[PDB]
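Source file: model-v8.cif (mmCIF, C-alpha atoms)
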data_protein
loop_
_atom_site.label_atom_id
_atom_site.label_comp_id
_atom_site.auth_asym_id
_atom_site.auth_seq_id
_atom_site.Cartn_x
_atom_site.Cartn_y
_atom_site.Cartn_z
CA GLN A 1 279.66 1.33 -88.23
CA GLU A 2 282.55 0.95 -85.82
CA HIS A 3 285.83 2.72 -86.45
CA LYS A 4 288.66 0.45 -85.40
CA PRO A 5 291.70 2.28 -83.97
CA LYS A 6 295.38 2.04 -84.92
CA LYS A 7 296.29 -1.66 -84.87
CA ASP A 8 300.00 -0.94 -84.39
CA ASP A 9 300.75 1.19 -81.32
CA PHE A 10 304.50 1.13 -81.88
CA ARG A 11 304.06 2.78 -85.25
CA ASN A 12 306.29 5.66 -86.25
CA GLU A 13 304.96 8.89 -87.71
CA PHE A 14 304.53 8.57 -91.48
CA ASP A 15 303.75 12.16 -92.49
CA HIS A 16 306.10 13.74 -89.98
CA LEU A 17 305.09 17.22 -91.10
CA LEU A 18 305.20 20.28 -88.77
CA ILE A 19 301.41 20.67 -88.49
CA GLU A 20 300.94 16.90 -88.85
CA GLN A 21 303.01 16.28 -85.76
CA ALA A 22 301.06 18.95 -83.87
CA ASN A 23 297.68 17.39 -84.76
CA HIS A 24 299.14 13.96 -84.09
CA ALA A 25 300.40 14.83 -80.61
CA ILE A 26 297.18 16.59 -79.59
CA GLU A 27 295.11 13.62 -80.82
CA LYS A 28 297.17 11.34 -78.59
CA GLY A 29 297.14 13.86 -75.73
CA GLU A 30 293.41 14.43 -75.99
CA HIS A 31 292.71 10.72 -75.81
CA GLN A 32 295.00 10.17 -72.81
CA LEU A 33 293.79 13.34 -71.08
CA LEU A 34 290.15 12.32 -71.30
CA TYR A 35 291.17 8.82 -70.27
CA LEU A 36 293.04 9.84 -67.12
CA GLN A 37 290.44 12.51 -66.37
CA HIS A 38 287.73 9.82 -66.26
CA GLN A 39 290.13 7.92 -64.06
CA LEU A 40 290.34 11.00 -61.84
CA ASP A 41 286.60 10.63 -61.34
CA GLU A 42 287.14 7.01 -60.31
CA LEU A 43 290.13 7.97 -58.16
CA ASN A 44 288.02 10.65 -56.51
CA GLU A 45 285.69 7.85 -55.42
CA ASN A 46 288.38 5.35 -54.37
CA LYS A 47 290.70 7.97 -52.79
CA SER A 48 293.33 5.25 -53.30
CA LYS A 49 296.89 6.42 -52.73
CA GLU A 50 298.38 3.87 -55.15
CA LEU A 51 295.80 4.74 -57.79
CA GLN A 52 296.61 8.39 -57.23
CA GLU A 53 300.28 7.64 -57.73
CA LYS A 54 299.73 5.72 -60.99
CA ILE A 55 297.44 8.42 -62.35
CA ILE A 56 299.81 11.30 -61.54
CA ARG A 57 302.79 9.23 -62.78
CA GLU A 58 301.26 8.53 -66.17
CA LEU A 59 300.04 12.12 -66.34
CA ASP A 60 303.56 13.35 -65.58
CA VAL A 61 305.42 11.21 -68.14
CA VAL A 62 302.99 12.05 -70.94
CA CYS A 63 302.87 15.72 -70.00
CA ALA A 64 306.66 15.88 -70.17
CA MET A 65 307.07 14.14 -73.53
CA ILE A 66 304.25 16.24 -74.98
CA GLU A 67 305.79 19.50 -73.75
CA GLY A 68 309.25 18.55 -74.95
CA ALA A 69 308.09 17.69 -78.44
CA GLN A 70 305.74 20.66 -78.49
CA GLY A 71 308.48 23.10 -77.52
CA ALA A 72 310.83 21.62 -80.06
CA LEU A 73 308.22 21.58 -82.81
CA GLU A 74 307.08 25.16 -82.10
CA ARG A 75 310.65 26.49 -82.33
CA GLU A 76 311.22 24.58 -85.58
CA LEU A 77 307.89 25.30 -87.29
CA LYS A 78 308.59 28.95 -86.62
CA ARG A 79 311.14 28.83 -89.45
CA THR A 80 308.19 28.77 -91.82
CA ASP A 81 306.77 32.07 -92.97
CA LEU A 82 305.09 34.03 -95.78
CA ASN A 83 301.72 32.26 -95.81
CA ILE A 84 298.46 33.57 -94.38
CA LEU A 85 297.15 29.99 -94.15
CA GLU A 86 300.14 28.59 -92.30
CA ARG A 87 299.91 31.56 -89.95
CA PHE A 88 296.29 30.69 -89.16
CA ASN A 89 297.06 26.98 -88.72
CA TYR A 90 300.11 27.62 -86.50
CA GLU A 91 298.13 29.98 -84.31
CA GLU A 92 295.33 27.43 -84.18
CA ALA A 93 297.67 24.62 -83.14
CA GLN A 94 299.09 26.86 -80.44
CA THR A 95 295.55 27.52 -79.33
CA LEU A 96 294.62 23.85 -78.96
CA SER A 97 297.97 22.80 -77.50
CA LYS A 98 297.69 25.46 -74.81
CA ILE A 99 294.18 24.22 -73.99
CA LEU A 100 295.47 20.64 -73.83
CA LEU A 101 298.37 21.58 -71.52
CA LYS A 102 295.94 23.52 -69.34
CA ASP A 103 293.71 20.47 -68.98
CA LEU A 104 296.71 18.30 -68.07
CA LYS A 105 297.76 20.52 -65.17
CA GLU A 106 294.09 21.01 -64.34
CA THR A 107 293.67 17.27 -63.94
CA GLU A 108 297.02 17.35 -62.12
CA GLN A 109 295.46 19.86 -59.71
CA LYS A 110 292.62 17.43 -59.11
CA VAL A 111 294.76 14.35 -58.44
CA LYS A 112 297.00 16.33 -56.07
CA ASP A 113 293.88 17.77 -54.40
CA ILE A 114 292.46 14.35 -53.43
CA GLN A 115 293.65 13.42 -49.95
CA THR A 116 294.93 9.89 -49.80
CA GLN A 117 296.38 7.62 -47.15
#
Could you show the structure in this file as structure tokens?
Amino acid sequence: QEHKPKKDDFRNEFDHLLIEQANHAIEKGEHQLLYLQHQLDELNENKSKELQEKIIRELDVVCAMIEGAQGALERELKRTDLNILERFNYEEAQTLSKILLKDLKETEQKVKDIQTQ
């Protein structure tokens, strides 16, 4: 009926596999992106400077950690080869990650676009 989330937030990655990390990061990113993006909508109504600051600050810190791990992971996972499936999956991960990063800076564009006091 109702799917409870992950009870332990400070839980370390169990699988820790190249593609597993990628799908793990994007799952977290997706959830936080949609979260802050809905907050953008609220911010857009409040036009609150402090709210703007919190939103852009949390966006920034998550965007940075995501990009750092993504860049690292991409470089590493590239050591894998000879596998039509892995090729497809890698390319697919790159596809979704790029979309995710786009949406981050897109939301960034929105928060920076709202004039505050």
- Message: What does the structure give for the distance between CA of residue 25 (chain A) and CA of residue 95 (chain A), in Å to one decimal?
- Response: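 About the pair CA of residue 25 (chain A) and CA of residue 95 (chain A): they are 13.6 Å apart.
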I'd like the residues picked by the PyMOL selection byres ((chain A and resi 50-55) around 8) written out as a compact mmCIF listing (two decimals) with C-alpha atoms, in the frame of the given file, using the chain letters and numbers from the file.
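Saved as selection_9.txt:
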# COMPACT_ATOMS: atom_id res chain seq x y z
CA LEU A 36 293.04 9.84 -67.12
CA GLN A 39 290.13 7.92 -64.06
CA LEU A 40 290.34 11.00 -61.84
CA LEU A 43 290.13 7.97 -58.16
CA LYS A 47 290.70 7.97 -52.79
CA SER A 48 293.33 5.25 -53.30
CA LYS A 49 296.89 6.42 -52.73
CA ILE A 56 299.81 11.30 -61.54
CA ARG A 57 302.79 9.23 -62.78
CA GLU A 58 301.26 8.53 -66.17
CA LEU A 59 300.04 12.12 -66.34
CA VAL A 111 294.76 14.35 -58.44
CA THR A 116 294.93 9.89 -49.80
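The protein and nucleic acid residues lying at most 10 Å from residue 80 (chain A) are residues 18, 76, 86, 87 and 90 of chain A, with only C-alpha atoms considered and sequence neighbours fewer than 4 positions away removed.
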- Looking at all atoms listed in the file, which of A:28, A:117, A:23, A:41 is the one that sits closest to residue 6 (chain A)?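 With all atoms listed in the file as the atom set, the closest residue is A:28.
The shortest atom-to-atom distance to residue 101 (chain A), with all atoms listed in the file taken into account, belongs to A:67 out of A:67, A:42, A:113, A:8.
Across the model, the gap from CA of residue 99 (chain A) to CA of residue 17 (chain A) is 21.5 Å.
Among A:65, A:108, A:19, A:29, the residue with the shortest atom-to-atom distance to residue 78 (chain A), counting only C-alpha atoms, is A:19.
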- Query: Of the candidates A:98, A:1, A:10, A:21, which one gets nearest to residue 72 (chain A) if we count only C-alpha atoms?
  - Reply: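 For residue 72 (chain A), the nearest of the candidates is A:21.
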- Separation of CA of residue 22 (chain A) from CA of residue 70 (chain A), in Å and rounded to one decimal: 7.3 Å
- Using only C-alpha atoms, find the one residue out of A:75, A:83, A:63, A:44 that sits nearest to residue 30 (chain A).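 Going through A:75, A:83, A:63, A:44 one by one, the smallest distance to residue 30 (chain A) is for A:63.
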Would you give the centre and edge lengths, in Å to one decimal, of a box along x, y and z around the listed atoms of region 43-62 of chain A, with 3 Å added to each side, as lines of an AutoDock Vina configuration file?
center_x = 295.6
center_y = 8.6
center_z = -61.8
size_x = 25.7
size_y = 15.5
size_z = 24.2
